[PDB]
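So you can see what is in the structure, the chains are spelled out below.
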Amino acid sequence: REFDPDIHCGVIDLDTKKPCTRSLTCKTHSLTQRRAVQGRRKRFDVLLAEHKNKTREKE
Ligand SMILES: [Zn+2]
């Protein structure tokens, strides 16, 4: 709804054409694409680590 750079993927999604507020483990975008975007207040990986601490479910 409200793109949250602190929490979300940040990467302007070519589907939706808005930042990527899918999730922190955004299925739309590859790892590099999440990392490339400086959306979060921390690195992507470090941020995803927090995601994994919550939603530690990865495919
Ligand atoms: Zn994304």
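Parameters and conventions
Residues numbered from 1 in each chain as written, not as in the entry; some residues may be left out. Heavy atoms only, no water. Donors = N, O, S within 2.8 Å, 3.2 Å for Na, K, Ca; no water. Tetrahedral: all angles 85-135°; square planar, octahedral: opposite > 155°, others 65-115°. Helix = DSSP H or I, 4+ residues; strand = E, 2+ residues; numbered from the N terminus. Buried < 20%, exposed > 50% of the residue type's maximum accessible area, 1.4 Å probe, protein only. Arc of directions from axis to C-beta. Contact = heavy atoms within 4.5 Å. Salt bridge = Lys/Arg side-chain N within 4 Å of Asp/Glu carboxyl O.

- For this entry, the PDB record names solution NMR as the structure determination method.

## Notes on the coordination of the zinc ion
Where a metal carries four tetrahedral donors, each ideal angle is 109.5 degrees; where it carries six octahedral donors, the ideal angles are 90 or 180 degrees.
Here comes step 1: For the zinc ion, the full set of protein donor atoms is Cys-9 (SG), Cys-20 (SG), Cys-26 (SG) and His-29 (ND1), at a range of 2.1 to 2.4 Å.
Here comes step 2: What the four donor atoms of the zinc ion show is an angle range of 104 to 115° at the metal, which sorts the shape as tetrahedral.
Here comes step 3: Positions of the donor residues of the zinc ion, expressed as sequence spacing, correspond to C-x10-C-x5-C-x2-H. In this pair, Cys-9 sits in the segment before α1 (31-36) while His-29 sits in the segment before α1, placing the two residues 20 residues apart along the sequence. The pair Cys-9 / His-29 is uniform in exposure class, with both members buried.

## Brief notes about helix α2 (residues 44-55)
Given 3.6 residues per helical turn, the α-helix brings residues three or four places apart onto the same face.
Here comes step 1: What α2 keeps buried is the set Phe-44, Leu-47, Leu-48 and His-51. Angularly, the buried residues of α2 cover 100° about the axis, an arc narrow enough to put them on a single face.
Here comes step 2: On its buried face, α2 is in contact with α1.

## Concerning the pattern of salt bridges
Between side chains of opposite charge, a pair can form when the charged atoms approach closely.
Here comes step 1: Enumeration over the complete set of coordinates arrives at four salt bridges.
Here comes step 2: The partner of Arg-1 in a salt bridge is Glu-2, with the nearest N and O atoms 2.7 Å apart.

## So, the environment of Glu-57
Here comes step 1: Tracing the backbone shows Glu-57 in the segment after α2.
Here comes step 2: Linking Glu-57 and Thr-25, residues 32 residues apart in sequence, is a C-alpha distance of 9.4 Å.

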